[PDB]
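Chains as they are written, first to last, in the UniProt record's numbering: chain A, 376 to 425; chain B, 163 to 670; chain C, 426 to 474; chain D, 475 to 572; chain E, 622 to 670; chain F, 163 to 670; chain G, 229 to 277; chain H, 327 to 375.
The C-beta atom is built at its ideal place from N, Cα and C for all residues, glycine as well.
This report concerns only the one structure given below.
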Amino acid sequence: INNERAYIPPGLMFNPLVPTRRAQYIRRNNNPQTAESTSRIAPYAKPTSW
Amino acid sequence: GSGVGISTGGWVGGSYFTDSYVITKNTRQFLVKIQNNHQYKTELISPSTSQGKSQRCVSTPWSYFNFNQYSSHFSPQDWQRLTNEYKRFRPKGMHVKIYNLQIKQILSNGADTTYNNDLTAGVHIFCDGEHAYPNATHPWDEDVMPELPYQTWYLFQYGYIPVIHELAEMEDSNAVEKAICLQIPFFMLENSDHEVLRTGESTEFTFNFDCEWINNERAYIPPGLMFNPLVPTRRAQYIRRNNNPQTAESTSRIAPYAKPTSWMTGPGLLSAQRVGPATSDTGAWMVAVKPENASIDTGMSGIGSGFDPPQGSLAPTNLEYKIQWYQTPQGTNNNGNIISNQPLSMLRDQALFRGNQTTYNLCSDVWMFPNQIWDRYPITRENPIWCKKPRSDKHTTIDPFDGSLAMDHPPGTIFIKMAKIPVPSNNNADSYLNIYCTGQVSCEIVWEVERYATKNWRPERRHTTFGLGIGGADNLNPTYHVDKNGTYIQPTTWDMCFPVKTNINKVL
Amino acid sequence: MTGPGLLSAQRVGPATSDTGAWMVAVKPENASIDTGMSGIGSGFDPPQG
Amino acid sequence: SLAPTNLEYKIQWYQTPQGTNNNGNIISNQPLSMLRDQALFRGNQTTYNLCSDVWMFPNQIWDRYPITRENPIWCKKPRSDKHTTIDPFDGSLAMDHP
Amino acid sequence: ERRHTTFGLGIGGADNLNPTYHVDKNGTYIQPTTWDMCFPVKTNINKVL
Amino acid sequence: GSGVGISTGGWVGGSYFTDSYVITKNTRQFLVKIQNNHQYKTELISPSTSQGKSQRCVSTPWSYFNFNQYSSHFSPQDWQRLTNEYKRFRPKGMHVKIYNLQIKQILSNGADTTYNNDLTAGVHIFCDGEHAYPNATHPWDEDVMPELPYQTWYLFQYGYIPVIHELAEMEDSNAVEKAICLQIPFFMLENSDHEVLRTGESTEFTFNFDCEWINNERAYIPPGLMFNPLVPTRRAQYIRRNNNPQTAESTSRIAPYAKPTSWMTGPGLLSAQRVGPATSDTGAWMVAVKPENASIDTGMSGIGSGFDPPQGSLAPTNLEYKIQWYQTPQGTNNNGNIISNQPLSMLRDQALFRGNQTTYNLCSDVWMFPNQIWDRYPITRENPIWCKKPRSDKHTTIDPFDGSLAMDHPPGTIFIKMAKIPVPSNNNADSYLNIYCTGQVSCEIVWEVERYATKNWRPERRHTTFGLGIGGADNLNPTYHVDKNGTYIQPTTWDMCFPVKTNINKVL
Amino acid sequence: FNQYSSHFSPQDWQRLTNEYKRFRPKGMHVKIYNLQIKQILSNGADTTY
Amino acid sequence: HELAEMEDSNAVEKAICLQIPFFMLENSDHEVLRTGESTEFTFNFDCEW
């Protein structure tokens, strides 16, 4: 039985300074607005497993 | 000999390829830039668009070596020599050598620049054997080694997220976000000891891997399709009264073909859709936290991380789940931008239907279930080799949907810094001497490899250059090759990069 | 907790058509498909377990 | 895991036989550990909507219940043919033979 | 990092005197009231994941 | 290897923590500035406000390493790991290494600057094993090592007071101040031999401590409160005739509770008040000298030293006795400015009353008395580790009220200088080449440490981060942590710094 | 015997909760001894042993 | 008793009230004796004349 604490979620482990090679396709929104577009994932908030 | 004027080690490379193992050797030229002065700060990154997540992070003077990717260690021929000729492979070990260091002492007279070289200067080099410290390496990221040697390798600053920025933002009150703000850990690479190196000195590092095989193999049929359709079956189908249109209930023997099966499809999550504008972290699945009180701004958003790709397995509906990457920092929205594709392996596709008493209707979710089989992501030459499995009490099967791998202890990240050299002043300080380092890393890794034999009569499939296509400048030069103009032409879409798991075959 | 099962589905259509109430199938991204579902993949039997 | 909505999921105990409905009655709380909270959202193409369930899934990580001094040390894992990961949500422990 | 102080504890029993884990006057062991009193593991130290 | 281009030693740190002992390791980057040309002078410091003390002192070309403080050798976690987990500790030994030296040869073309590095240059390094020489180190001072590594460490000039400036000022006459002026000693670090180092060379120093334990422990009751109050006592109280208001004399048995005690309170001096304006040395107790004739200006003042804090022990009346410090050179009158506080330990408070036949009246003084018990100052992470006990024929118990410690031979101060490199001229001289040194000190000290066991049923007390609080820039980041902006946030008031002696317990 | 508060004083607990990553019970040893059989008697009301 | 009495407020007497130690002679082991058994104890003195 482990007495220990994770100071961050497991999906929050990454260097936010470094850019990522990945992309986000976003479907046509079909109301309100903002038709579909693809874009690179921001350096912060990289996707995760886990 | 020893000292300045005597090179420490020579260049290395060229791979190997023996039936039992493959030794890939690589060497680079790198430079350390003195990031972030030598002080740390925090930096509270954000764009603005202040609605963004605005993770606070931490910046450090340190830079690190990221060796994690296949295209770094394998030439387009070395890859495709194993992808064609072997069932499976896993990295057995790793050996890294820093050597031939140089400290060049940037000078500025205004405009211009001058480099006086230097001696009597130093470079800090630190490795993680314990994987204490937040370990910057994330599977995709950028950089790693340039897939192409002779290409100088610029290191990137080391940073980490101490705590979620929201939840400790903090809003008035609170004492729930006061804690978690008080508890944010602060890590420093000074702490545990590490080596400093002048020019004449070098350093070696070794690594060993407790590691799962990555399999290059193909299932020619679904696992539920394995049976002799000629032989009749002993089994029966009761079918409930249809209650419109017609055809009252009846029992019947299952046809010799199309026998029932065990072996459920692999799990996936198909229902969600990515949410909102880009730069806001649209994952379609946010893990987050949600402590019981805390406080939260707009979001969701904005807390936690997007889960990508769901999937896994369970062939996706549209492009939104299909992964993607730009294989280039210059890549704009649509440019670079090679998109993952189906291997045509049968494992590995896995719809699920259920419904309706009348029609079958593809079902969202499909969580874990006892008999499930899925095939790990087929990867490709562009993928990260490994990913660190975070230490926790309990976990499930641990199959990352990025492909890659999970290890308790991956290769320890090698950190390197420029050894602040201060200069006197009246105030006094903060002032330091402007220098940079340059040298050669040789990453030599051994791959446990297994060679395939099969009873199939037919030719199976390999990776030709004919999947490749012509590009760059005036169209001349094909794909992996220089421009005129010379710029390495990047492979466009998925088949160019030659994925494992699309070749050979396996009887299930 | 109790053991897992799948109870929602119902076997679909006439006999000899492989009515499993759960079809695993494949669905590659393009391909082409006739009537079905049906007709691709295998019925999962018994759900339960 | 999967931080609860209201008190109804939050466990509770009276740490006393004399404990009436509200008396004794110490209630479990969040450790503030980050593992260990774990919402999940999905939805909507527009908004995220906290989702019920979340069954087992390949990449999952959770943190075993933080327990406390008042908890049972162990629990007997009943003999059966098949079972899953076996993490009791009371904290405690599972053993073939306690 | 973080530890378990008695300051998480609080005074109770009879006339309020005696803090928490302690006898009453009257002596009856004062019981810890709510969760932090009982000192849970996993709220302390830290681990790099 | 050896010579330029081969680093002499690597970085070190990270502490240790075994039950029997704790090994703290630290490393720094320092620079020596060539203070005071290479000549000595005297400098007759003073402000003006000519009424001030105007100590004459002496300046030297030398700089010195001050290792004396706890916050230098212990991270905020290492401290609080021993403060929570151990009864007592004392430094067992000390090992210091100068290495990775650099001589950078300042140049000025006007405005700007340039640093050509240098070779064939040297650095003088001298240590005191005998503690001859005036030994600059004073417990509080400034500087020491920066509590935070990676922070370059600027050395400070070595100087000393040869003789009290007044008494030898001297006024007309005198022959009483003519002597004591003639007898002022003049110390020089050239004298006894010492090592010079070019770049490739390094130096080590070791130290051993004959040293008293510093105890982290708490008395839950006064020493006079130890008795079984249930059991009756055999003793009696005669009480004199009251002579107003009433109640003529009577004898009676002492109540079972509140039995008399031995064990007087520790000594203190509470009567005095600090005298006059700041910068005039207001101590509230001046030791001075007063030779029989001499001559003296205004003052008191102005001769001798203020005694601080009185106290000791004997809980103070107002802030004036409560010590204080700014934990920062930028600290203004009220800023920084963390003030000492009561440990809530019961030893350690110690009023005394006497009086009146009617009322008790808190009494000034309380000198030494046979049965006295007091508790040494609880210290904290910010305190000096040791103080040198001056050599003299006779002395009393020797408990410094700054906490710290007294030793016959403390760690010998390590002195370092830039090795004057002259340049030819016609006059000729005085002229020299402008250089500075840079390098790395590693102070690795071993701590005899003892771990606590007790029969108490109850949880006792520890040091949480919850005593800590949020600060810096926009309020984000808690306490020991970087700003954004990164500047290490300083702990504000007393509990932040985690004092020993406020935890555990001890049966007296 | 199953509970932590039975085997750990409020200080023993919090000595491990503060000072250790992890713990599991390694072994257990139980001893019944100093037995007494007191033979309840009732003459009505009262009691005698 | 005073100083932890405690008067309204306080948090200065709240501490020193929270920190009151509670000692129990059960704790450390000791001998039980029926009739037939006995016990010896010895002591040595570092002591002034």
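- The segment 220-228 of chain B and the segment 560-578 of chain B touch, with no fewer than 3 CB-CB distances between them shorter than 8 Å.
- The C-beta of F369/H comes no closer than 9 Å to any C-beta of chain F.
- Considering only beta carbons, the part of the segment 536-554 of chain D lying closer than 9 Å to chain G consists of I541, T542, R543, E544, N545, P546, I547, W548 and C549, in chain order.
- The CB of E411/A never comes closer than 7 Å to any CB in chain G; the least such distance is about 49 Å.
- Taking a beta-carbon distance threshold of 9 Å, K668/B does not count as an interface residue toward chain C.
- Residues of the segment 637-667 of chain E that bring their beta carbon within less than 8 Å of a beta carbon in chain D comprise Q652, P653, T654, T655, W656, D657, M658, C659, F660, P661, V662, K663 and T664, in sequence order.
- In the same chain as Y382/F, and ignoring 5 residues on each side of it, the C-beta atoms closer than 7 Å to its own belong to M508 and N667, in chain order.
- The Cβ atoms of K582/F and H200/F lie closer than 9 Å to each other.
- Contact with chain C is found for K421/B, since one of that chain's Cβ atoms lies less than 9 Å from the residue's Cβ.
- Secondary structure note for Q319/F: it is in no alpha helix (DSSP H), and the uninterrupted beta strand (DSSP E) holding it is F318 to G321.
- Note that the segment 240-254 of chain F touches the segment 598-611 of chain F; at least 3 beta-carbon pairs, one per stretch, sit closer than 8 Å.
- Contact with chain E is found for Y295/B, since one of that chain's Cβ atoms lies less than 9 Å from the residue's Cβ.
- Approximately 27 Å separates the beta-carbon atoms of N523/D and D561/B; this is outside 8 Å, ruling out the contact.
- In the displayed model, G445/B falls within coil according to three-state DSSP, outside both helix and strand.
- Close CB contacts of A330/F within its chain, under the 6 Å cut and outside five residues either way in sequence, are with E339, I342 and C343 (chain order).
- A distance below 8 Å between beta-carbons, with the five flanking residues on each side excluded, links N198/F to the following residues of its chain, in chain order: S221, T222, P223 and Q319.
- Ranked by Cα distance from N404/A, the first of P439/B, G430/B and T276/B is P439/B.
- With a threshold of 9 Å between beta carbons, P572/D makes contact with chain G.
- Of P394/F, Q345/F and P429/F, the smallest CA-CA separation from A417/F is found for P394/F.
- Taking 8 Å as the cut-off between beta carbons, the residues of the segment 394-410 of chain A near chain B are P394, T395, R396, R397, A398, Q399, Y400, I401, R402 and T409, in sequence order.
- When CB distances to chain A are screened at a threshold of 8 Å, the residues of the segment 310-321 of chain B falling below it are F318, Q319, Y320 and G321, in chain order.
- Between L630/E and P505/F, the C-beta gap is not smaller than 9 Å, which leaves the two residues out of contact.
- Comparing alpha-carbon positions, the option among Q408/B, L244/B, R397/B and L431/B lying closest to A420/B turns out to be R397/B.
- Taking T600/B as the centre and dropping the five residues before and after it, the same chain places the C-beta of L193 and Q264 closer than 6 Å to its C-beta, in chain order.
- The beta carbon of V669/E lies closer than 6 Å to none in the same chain, with the five residues before and after it left out.
- Every beta strand (DSSP E) stretch that sits fully inside the segment 207-265 of chain F and reaches 3 residues is listed by chain position as 221-227 and 248-265.
- Secondary structure note for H286/B: its beta strand (DSSP E) is the uninterrupted segment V285 to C289.
- Around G291/B, the same chain offers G574 as residues with beta carbons nearer than 6 Å, after the five sequence neighbours per side are excluded.
- Spanning the alpha carbons of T558/B and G565/D requires a straight line of approximately 18 Å.
- Going by beta carbons, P407/B and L476/B fall outside the 9 Å limit.
- A distance below 6 Å between beta-carbons, with the five flanking residues on each side excluded, links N480/B to no residue of its chain.
- In the three-state DSSP reduction, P572/F falls in the coil class, being neither helix nor strand.
- In the DSSP assignment, no residue is bridged to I346/H.
- For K203/B, same chain residues with a beta-carbon under 6 Å away, outside a window of 5 residues either side, are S221 in chain order.
- Within chain B, no residue has its beta carbon less than 7 Å from that of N378/A; the closest one is some 11 Å off.
- Between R538/B and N665/B, the C-beta gap is not smaller than 9 Å, which leaves the two residues out of contact.
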